[PDB]
Amino acid sequence: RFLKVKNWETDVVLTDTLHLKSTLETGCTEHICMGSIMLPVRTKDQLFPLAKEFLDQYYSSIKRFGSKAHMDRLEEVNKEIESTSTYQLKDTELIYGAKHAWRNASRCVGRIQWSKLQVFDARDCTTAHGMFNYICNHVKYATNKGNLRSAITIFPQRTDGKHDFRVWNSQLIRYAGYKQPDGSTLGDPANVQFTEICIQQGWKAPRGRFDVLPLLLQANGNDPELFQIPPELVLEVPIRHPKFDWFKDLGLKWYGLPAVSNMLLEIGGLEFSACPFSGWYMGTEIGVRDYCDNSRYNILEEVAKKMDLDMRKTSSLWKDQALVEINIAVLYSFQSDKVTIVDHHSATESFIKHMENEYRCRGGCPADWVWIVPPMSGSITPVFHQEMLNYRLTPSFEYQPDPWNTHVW
Amino acid sequence: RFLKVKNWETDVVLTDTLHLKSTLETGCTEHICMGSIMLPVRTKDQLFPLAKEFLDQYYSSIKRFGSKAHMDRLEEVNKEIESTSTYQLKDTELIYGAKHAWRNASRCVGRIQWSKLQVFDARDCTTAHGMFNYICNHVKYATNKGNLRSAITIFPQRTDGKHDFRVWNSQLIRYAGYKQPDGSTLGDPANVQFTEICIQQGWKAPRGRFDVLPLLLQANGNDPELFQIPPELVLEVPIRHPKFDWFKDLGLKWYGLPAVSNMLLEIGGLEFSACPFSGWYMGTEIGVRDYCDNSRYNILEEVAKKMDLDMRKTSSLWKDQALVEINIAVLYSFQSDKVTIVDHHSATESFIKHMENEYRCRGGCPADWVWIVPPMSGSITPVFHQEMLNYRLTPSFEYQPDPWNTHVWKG
Ligand code: HEM
Ligand code: HEM
Ligand SMILES: C[C@@H]1CC(N)=N[C@H](C[C@@H]2CNC[C@@H]2OCCNCC(F)(F)c2ccccc2)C1
Ligand SMILES: C[C@@H]1CC(N)=N[C@H](C[C@@H]2CNC[C@@H]2OCCNCC(F)(F)c2ccccc2)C1
Ligand SMILES: C[C@H](O)[C@H](O)[C@H]1CNc2nc(N)[nH]c(=O)c2N1
Ligand SMILES: C[C@H](O)[C@H](O)[C@H]1CNc2nc(N)[nH]c(=O)c2N1
Ligand SMILES: [Zn+2]
């Protein structure tokens, strides 16, 4: 029942009890571990236990468990579900829920920040044009001229499931990808399908390497509509290197605001299918993954060549040398332009401190080692040596299928 | 039942059926994943099914399933178990067994090599002196003057658990570690406890930074005995860098032969508690872990100092820069001395080819992503982007507790 996690660098052992409150399934069994697999409406009957579980945790959090106000709210919610088949969260409950969804996000190294989250309540939104306005305001608030602030914007909850709010984009800001008659890909190869959907819905594509995609927004189950984020709201950073003058001539840039827009926020059994959220980048996300994944911008070869490395043999570690220089350039460029960024050393150090806090104050911290360990220099970061238990707590952020598969036009 | 794994770089999808032959537990449940946890005498009744399962696998592999020879061997083993409470493996079965334990080792990136393993049968060994001789011979054979050859030496199986053979060393070759009164460590901090045991047992320690430890060998449940591996059998590589001439003056060296000696080999329900095995290094084992872990030789700072890197902020990535140069030096040094080593790019690329082959010919390849992904440059290797399924097949290598915790001292 009570489980130990050990840090093999420091010998510090922590005891996890929080996992006993986990509700959802992992995909693992006693026979098979699926730890490395990326992807392993509610009736009145389903909804009340979920609402109760959540309200209990909420009332406990404000030291009012078993109080009249606790029992009265439980009563009110029960009545509302029985009569309307759903219920509405109080603003206080919504903020608490969103913050805890982040707190519970086992794949997030940045959770030391979880209690400093600005929540924008967009449950009064009714149209796609309304969605666009809310998202611009989120973008400007979160960006804050480069001094980034964590934020989430929460659109109306699912009802019968035929009137879902969805942001079709995977992030609020991403670059277009285009199939060339040449056979190669211009721009971000990850976004080729979404770009085609944008063009088919009417977008006039510039056909460049870093074209910011328009938003495709769906309100109340309606067909999604296209909106362009005001260009002056999209803060970008040209990538240069502190030592290599030639680096700037690769013509690289990235955007300052990482903002996930395709996940589902579950609070007290209620499902918020459009809940874009944003923080700030850890540098490896851009320098290792976006730039160096073979299926992304794939720039290692070009950089290695400009460095005049021996590329004849893998054992020269030319890929590794170039990787580090690309990541140095990313961090330097963001820091020089005064756009918030965190390096993987600093972020993982903070996560260990957060884990210790959470064990001390909460009895555990669900964490997915496969995602928490950075994609370069794993074992020189403290999280590599830290055992982690992965389990699913609610409120939560969940992956959901791309809507173009789901949508009936 | 079919399980699919996807590669997120190539979109290649593979289908696992082999997991249906797993029976032992992972530590995970539908409610918790223990994928990053390092550590998540049989009766007659439990032994015959295990023997039968193994013999069935062995006879299928030689395309003699259900033959008279297969049926006769089942009968013969059944009679041996009922009469002696255990049984002895044929030489052929032992070899098949050891190769398959390697094939099944989900944490091993080197498994493309599994079918090429020299098995030394040391089941006739009776004393620690005898174990010492077998181990010297293994070291010389495996080392092969730098052209490393994979090998395993298998000592007698467990009987009542009161007569175990054990190599107390965690690897056949490792460097001593000495905790100083001021709380600093000389040599390898990983080996301080074991070094203290050796000294207590009578080892005269040179007290330097790279002192090869003596073997501490337990035969037939007796108290262990100390032996020094002949120095001329211990191949070492001084570490230097192809461009940085100051790298040699760090005074680093490492041994060429990585040889795990503390694991338990299970074949057909039998337990081989002493089964040292050796392959060759992947460079990152030395350059990342042994040299750069904070709790090991911990050389990052000194290297970065000598490179004149900006060390005032972690965001200069000075650690990452120094790490790559150290790993270049290890590969360069082994290659220049003609000692077998493989880089992490080569090794992971070969592993992916091995895994895809196994999926086609065997229906699966259990793999532990947490261990298979190298400890530097993870996402620029193809294994980072490969989904894996981790499950336990037998024959297998298992961790066992250090013998000093459990040993009954006779005196
Ligand atoms: C404040 C700075 C933050 C940092 C430095 C940070 C760091 C990260 C990183 C590096 C990842 C892995 C990304 C990937 O590999 O795709 C991640 C994942 C994630 N984070 Fe954060 N995070 C931050 C803020 C937030 C916020 C504000 C939320 C929600 C309110 C959040 C929720 C999540 C979730 C749900 C995932 C998993 C995403 C997925 O499955 O694709 N994070 N975090
Ligand atoms: C031929 C060259 C080989 C290479 C390059 C190789 C590579 C590796 C590496 C890098 C690891 C993880 C090491 C660590 O982090 O401590 C490992 C683990 C392991 N390998 Fe191999 N391997 C090889 C041969 C062998 C052989 C001959 C066997 C047994 C017959 C074997 C069985 C294992 C096992 C059981 C583990 C997990 C060990 C543990 O739990 O501590 N490998 N391999
Ligand atoms: C199939 C996968 C299932 C899943 N849950 N998720 C993925 C998204 C992938 C993961 N890896 C790259 C890409 O994720 C794209 C978004 N990256 C995270 C972020 F950059 F937006 C970010 C950074 C810092 C704070 C907040 C947000 C798809
Ligand atoms: C608590 C742990 C449980 C476990 N299963 N194992 C560990 C040994 C650790 C793993 N990581 C560092 C150290 O293992 C050190 C030995 N590494 C393997 C080897 F170098 F000896 C080797 C490499 C290639 C072929 C043959 C041999 C203790
Ligand atoms: C197959 C494997 O699960 C996959 O490549 C994962 C590994 N770890 C990751 N870690 C993070 N933070 N982000 C990712 O996209 C991935 N990808
Ligand atoms: C806590 C975590 O499981 C532990 O540090 C693991 C991570 N991955 C590893 N991978 C390898 N190959 N060897 C190791 O010792 C470890 N250590
Ligand atoms: Zn698992």
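Protein chains get the first letters and strands the later ones, always in sequence-line order, with residue 1 at the start of each. We use all heavy atoms of the structure for the numbers below, so side chains are in, but hydrogens, waters and symmetry mates are not.
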side-chain contact (heavy atoms from CB on, under 4.5 Å) for A:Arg123 and A:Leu89? Distances and angles first, verdict last. CA-CA 10 Å; A:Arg123 296 173 290 164; A:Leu89 296 165; 3.9 Å; yes
Do we see a donor-acceptor contact under 3.5 Å between the side chains of A:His138 and A:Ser278? yes
Just by distance, do the side chain of A:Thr381 and the backbone of A:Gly378 share a donor-acceptor pair under 3.5 Å? yes
Exercise: identify the closest heavy-atom pair between A:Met388 and A:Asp368: SD-C, 4.4 Å
Minimum heavy-atom distance A:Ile299-A:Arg209, with the two atoms named: CG2-NH2, 4.3 Å
Please check: side-chain N/O of A:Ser350 versus main-chain N/O of A:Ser346, any donor-acceptor pairing under 3.5 Å? yes
Give, for atom CD of A:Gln118 and atom NZ of A:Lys99, the distance between the pair rounded to the nearest 0.5 Å. 8.5 Å
What's the shortest heavy-atom distance between A:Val192 and A:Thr185, and which atoms? CG2-CG2, 3.9 Å
Would you sort out whether A:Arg296 and B:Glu9 count as a side-chain contact (heavy atoms from CB on, under 4.5 Å), showing the intermediate values? CA-CA 9 Å; A:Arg296 300 294 302 293; B:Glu9 171 190 354; over 6 Å; no
Working to the nearest 0.5 Å, report the span between CG of A:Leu264 and OH of A:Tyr399. 12.5 Å
Look only at the side chain of A:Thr43 and the backbone of A:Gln46, and say whether a donor-acceptor pair between them is shorter than 3.5 Å. no
Can a side-chain donor-acceptor contact be found between A:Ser396 and A:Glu398 if the only test is distance below 3.5 angstrom? yes
For the residue pair A:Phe277 and A:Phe120, is the inter-centroid distance of their aromatic rings smaller than 6.0 Å? no
Validation row, ring centre A:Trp102 to ring centre A:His100 under 6.0 Å: no
Is there side-chain contact between A:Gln218 and A:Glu225, with heavy atoms separated by less than 4.5 Å? no
Calculate, to the nearest 0.5 Å, the distance between atoms OG and CD1 belonging to A:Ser115 and A:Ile95 respectively. 13.0 Å
Is it the case that the side chains of A:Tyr178 and A:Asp211 hold a donor-acceptor pair, with the cut-off being a distance below 3.5 Å and no angle test? yes
Could you give me the CA-CA distance, side-chain angles and deciding distance for A:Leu270 and A:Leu47, then say whether side-chain contact (heavy atoms from CB on, under 4.5 Å) is met? CA-CA 8 Å; A:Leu270 301 177; A:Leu47 191 54; 4.3 Å; yes
So, do A:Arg42 and A:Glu271 sit near enough that their side-chain heavy atoms are less than 4.5 Å apart? yes
Would A:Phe334 and A:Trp280 count as a close aromatic pair, with their ring centres under 6.0 Å? no
Under the salt bridge (charged side-chain N to carboxylate O under 4.0 Å, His left out) criterion, do B:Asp16 and B:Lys4 qualify, and how do the steps go? CA-CA 6 Å; B:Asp16 187 292; B:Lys4 297 202 302 192; over 6 Å; no
Distance col, row A:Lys140:NZ vs A:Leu257:CG, nearest 0.5 angstrom, shows 14.0 Å
A:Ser22 side-chain N/O to A:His19 backbone N/O, donor-acceptor pair under 3.5 Å: yes
Residues A:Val212 and A:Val234: closest non-hydrogen pair is CG2-CG1, 4.2 Å
Does some side-chain heavy atom of A:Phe272 sit less than 4.5 Å from a side-chain heavy atom of A:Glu266? no
Working to the nearest 0.5 Å, report the span between CZ of A:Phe165 and CZ of A:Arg158. 13.0 Å
Distance-only side-chain donor-acceptor flag, A:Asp124 / A:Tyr134, under 3.5 Å: yes
Whether the A:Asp223 and A:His407 side chains hold a donor-acceptor pair (N or O, under 3.5 Å, no angle test) is what I'd like checked. yes
What heavy-atom pair brings B:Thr348 and B:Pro382 nearest, and what distance separates the two atoms? OG1-CD, 3.5 Å
Sidechain-backbone polar pair: B:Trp369 side chain, B:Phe384 backbone, donor-acceptor under 3.5 Å: yes
Donor-acceptor pair, A:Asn133 side chain versus A:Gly130 backbone, under 3.5 Å? no
Answer with yes or no whether the side chains of A:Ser60 and A:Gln57 bring together a donor and an acceptor at under 3.5 Å. no
Would you say the side-chain atoms of A:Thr195 pair up with the backbone N or O of A:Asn191, donor to acceptor, closer than 3.5 Å? yes
Within 45° cone of B:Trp8 ring axis and under 6.0 Å: B:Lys6 NZ or CZ: yes
Is the closest side-chain heavy-atom distance between A:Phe54 and A:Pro395 below 4.5 Å? yes
Between A:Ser106 and A:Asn390: side-chain donor-acceptor atoms closer than 3.5 Å: yes
Could you check whether A:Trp254 and A:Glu236, counting side-chain N and O atoms only, form a donor-acceptor pair closer than 3.5 Å? no
Salt bridge A:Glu358-A:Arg111, side-chain N to carboxylate O under 4.0 Å: no
With a 4.5 Å cut-off on side-chain heavy atoms, are A:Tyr291 and A:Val330 touching? yes
For A:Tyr281 and A:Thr340, which I'm curious about, is there any donor-acceptor pair between the side chains at under 3.5 Å? no
Would you say the rings of A:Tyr255 and A:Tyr175 are close, in the sense that their centroids are separated by under 6.0 Å? yes
Is there side-chain contact between A:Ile135 and A:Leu215, with at least one heavy-atom pair below 4.5 Å? yes
Which heavy-atom pair separates A:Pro276 from A:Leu172 by the least distance, and what is that distance? CB-CD2, 3.9 Å
Taking the six-membered ring of A:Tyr141 (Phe, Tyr or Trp), confirm whether the NZ or CZ of A:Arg149 is under 6.0 Å from its centre and within 45° of its axis. yes
Heavy-atom donor-acceptor pair, B:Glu387 side chain to A:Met38 backbone, under 3.5 Å: yes
Reference residue A:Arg73; test side chain to side chain donor-acceptor pair (under 3.5 Å); the match among A:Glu76, A:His70, A:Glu75: A:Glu76
Is the NZ atom of A:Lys52 crowded by more than 12 outside heavy atoms at less than 6.0 Å? no
To the nearest 0.5 Å, tell me how far A:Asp188 CG sits from A:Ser295 OG. 8.5 Å
Is the backbone N or O of A:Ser150 less than 3.5 Å from a side-chain atom of A:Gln113, with the two atoms forming a donor-acceptor pair by type? no
Side-chain contact, heavy-atom cut-off 4.5 Å: B:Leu389 with B:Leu3? yes
For ring pair (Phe, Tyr, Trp, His ring centres under 6.0 Å), just list the numbers for A:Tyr87 and A:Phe48, CA-CA rounded to whole Å, side-chain angles, deciding distance to a tenth of an Å, and then say yes or no. CA-CA 10 Å; A:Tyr87 71 105; A:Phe48 190 70; 8.6 Å; no
Within the supplied structure, the quantity of interest is the number of heavy atoms (other residues, nucleotides, ligands) at a distance under 6.0 Å from A:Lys44 NZ; does it exceed 12? yes
When you measure from the side chain of A:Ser377 to the backbone N and O of B:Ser377, does any donor-acceptor pair fall under 3.5 Å? no
Under the side-chain contact (heavy atoms from CB on, under 4.5 Å) criterion, do B:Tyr359 and B:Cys365 qualify, and how do the steps go? CA-CA 6 Å; B:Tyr359 265 83; B:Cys365 183; 4.1 Å; yes
Using a 4.5 Å cut-off on heavy atoms from C-beta on, say whether the side chain of A:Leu393 contacts that of A:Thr23. no
